[PDB]
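Right, one structure below, let's go through it.
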Amino acid sequence: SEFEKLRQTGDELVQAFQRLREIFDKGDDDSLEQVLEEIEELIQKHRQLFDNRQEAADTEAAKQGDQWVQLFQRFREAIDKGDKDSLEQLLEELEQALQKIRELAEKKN
């Protein structure tokens with residue numbers, strides 16, 4: 001129901017994340033930080049749709065959100081440390097996370 005909003009927001013996230021990676025390559029922490037805020041706004045709305053639809057275990061759905069938050073939480077901390085090692089690692093984790101979320105959104109069991 002209303003998959004248009006879920007799909008569009010998911011796609012917009014992927015597009016923004018690619019741009020986030022592109023900005024990271026430039027070493028521009030300012031634009032990177034700004035996009036993180038933009039992503040945050042998208043995450044909240046996407047989470048709202050997911051938290052409403054949540055057909056899977058609520059504990060898992062909540063814990064997944066907890067994991068998702070920890071990813072961005074650590075990401076900003078890594079930026080603060082100027083630790084490029086963690087930044088690249090988190091970017092990889094982020095992409096794989098998107099791939100998993102996408103499949104779950106289609107209910108691929």
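Residue numbering restarts at 1 for every chain of the structure tokens, chains are lettered A, B, ... in their displayed order, and ligands are numbered from 1 as they appear.
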
For residue 18 (chain A), list every protein, DNA or RNA residue within 12 Å, evaluated using only C-alpha atoms, and leave out those in the same chain fewer than 2 positions away; present the list as a PDB file with N, CA and C atoms, in the first residue's frame.
ATOM      1  N   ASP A  11      14.853   5.168  -3.354  1.00  0.00           N
ATOM      2  CA  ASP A  11      15.654   5.533  -4.520  1.00  0.00           C
ATOM      3  C   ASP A  11      16.375   6.855  -4.288  1.00  0.00           C
ATOM      4  N   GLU A  12      15.658   7.826  -3.718  1.00  0.00           N
ATOM      5  CA  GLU A  12      16.240   9.129  -3.410  1.00  0.00           C
ATOM      6  C   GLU A  12      17.397   8.979  -2.435  1.00  0.00           C
ATOM      7  N   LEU A  13      17.253   8.051  -1.490  1.00  0.00           N
ATOM      8  CA  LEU A  13      18.309   7.769  -0.535  1.00  0.00           C
ATOM      9  C   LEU A  13      19.540   7.245  -1.252  1.00  0.00           C
ATOM     10  N   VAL A  14      19.339   6.263  -2.129  1.00  0.00           N
ATOM     11  CA  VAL A  14      20.442   5.665  -2.877  1.00  0.00           C
ATOM     12  C   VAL A  14      21.167   6.720  -3.704  1.00  0.00           C
ATOM     13  N   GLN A  15      20.400   7.576  -4.366  1.00  0.00           N
ATOM     14  CA  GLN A  15      20.972   8.642  -5.175  1.00  0.00           C
ATOM     15  C   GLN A  15      21.780   9.598  -4.312  1.00  0.00           C
ATOM     16  N   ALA A  16      21.233   9.947  -3.159  1.00  0.00           N
ATOM     17  CA  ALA A  16      21.896  10.861  -2.251  1.00  0.00           C
ATOM     18  C   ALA A  16      23.164  10.240  -1.672  1.00  0.00           C
ATOM     19  N   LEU A  20      26.885  11.384  -1.751  1.00  0.00           N
ATOM     20  CA  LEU A  20      27.614  11.459  -0.493  1.00  0.00           C
ATOM     21  C   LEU A  20      29.017  10.880  -0.680  1.00  0.00           C
ATOM     22  N   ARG A  21      29.088   9.743  -1.370  1.00  0.00           N
ATOM     23  CA  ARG A  21      30.361   9.098  -1.661  1.00  0.00           C
ATOM     24  C   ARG A  21      31.213   9.974  -2.579  1.00  0.00           C
ATOM     25  N   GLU A  22      30.564  10.597  -3.553  1.00  0.00           N
ATOM     26  CA  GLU A  22      31.238  11.489  -4.491  1.00  0.00           C
ATOM     27  C   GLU A  22      31.831  12.700  -3.761  1.00  0.00           C
ATOM     28  N   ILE A  23      31.071  13.244  -2.816  1.00  0.00           N
ATOM     29  CA  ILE A  23      31.524  14.372  -2.008  1.00  0.00           C
ATOM     30  C   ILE A  23      32.695  13.952  -1.117  1.00  0.00           C
ATOM     31  N   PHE A  24      32.614  12.733  -0.596  1.00  0.00           N
ATOM     32  CA  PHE A  24      33.669  12.176   0.242  1.00  0.00           C
ATOM     33  C   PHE A  24      34.987  12.116  -0.523  1.00  0.00           C
ATOM     34  N   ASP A  25      34.904  11.765  -1.800  1.00  0.00           N
ATOM     35  CA  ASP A  25      36.084  11.674  -2.659  1.00  0.00           C
ATOM     36  C   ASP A  25      36.768  13.035  -2.802  1.00  0.00           C
ATOM     37  N   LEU A  32      29.590  17.089   3.038  1.00  0.00           N
ATOM     38  CA  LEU A  32      29.339  15.755   3.550  1.00  0.00           C
ATOM     39  C   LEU A  32      28.419  15.838   4.769  1.00  0.00           C
ATOM     40  N   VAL A  35      24.831  16.970   3.771  1.00  0.00           N
ATOM     41  CA  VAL A  35      24.076  15.868   3.183  1.00  0.00           C
ATOM     42  C   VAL A  35      23.621  14.886   4.262  1.00  0.00           C
ATOM     43  N   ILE A  39      20.002  13.517   4.634  1.00  0.00           N
ATOM     44  CA  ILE A  39      19.747  12.095   4.738  1.00  0.00           C
ATOM     45  C   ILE A  39      18.947  11.799   5.998  1.00  0.00           C
ATOM     46  N   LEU A  91      31.158   3.410   4.479  1.00  0.00           N
ATOM     47  CA  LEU A  91      30.525   3.592   3.177  1.00  0.00           C
ATOM     48  C   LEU A  91      30.157   2.241   2.570  1.00  0.00           C
ATOM     49  N   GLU A  92      31.052   1.269   2.713  1.00  0.00           N
ATOM     50  CA  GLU A  92      30.807  -0.081   2.211  1.00  0.00           C
ATOM     51  C   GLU A  92      29.646  -0.723   2.969  1.00  0.00           C
ATOM     52  N   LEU A  94      27.305   0.838   4.473  1.00  0.00           N
ATOM     53  CA  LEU A  94      26.128   1.604   4.101  1.00  0.00           C
ATOM     54  C   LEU A  94      25.492   1.073   2.815  1.00  0.00           C
ATOM     55  N   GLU A  95      26.317   0.808   1.804  1.00  0.00           N
ATOM     56  CA  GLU A  95      25.814   0.306   0.526  1.00  0.00           C
ATOM     57  C   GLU A  95      25.156  -1.051   0.699  1.00  0.00           C
ATOM     58  N   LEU A  98      21.833  -0.818   2.369  1.00  0.00           N
ATOM     59  CA  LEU A  98      20.798  -0.364   1.442  1.00  0.00           C
ATOM     60  C   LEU A  98      20.273  -1.527   0.621  1.00  0.00           C
TER      61      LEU A  98
END

Residue neighbourhood region 59-76 of chain A, 12 Å, only C-alpha atoms, exclusion window fewer than 2 positions, as a PyMOL selection string:
chain A and resi 17+24+29-30+32-37+39-40+43-44+46-57+78-98+100-101+104-105

Report, in Å to a single decimal, how far apart CA of residue 38 (chain A) and CA of residue 2 (chain A) are.
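So the answer is 22.7 Å.
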
Which residue out of A:26, A:45, A:7, A:19 has the minimum interatomic distance to residue 102 (chain A) when only C-alpha atoms are used?
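Nearest to residue 102 (chain A): A:7.
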
CA of residue 27 (chain A) and CA of residue 77 (chain A) are how many Å apart?
15.7 Å
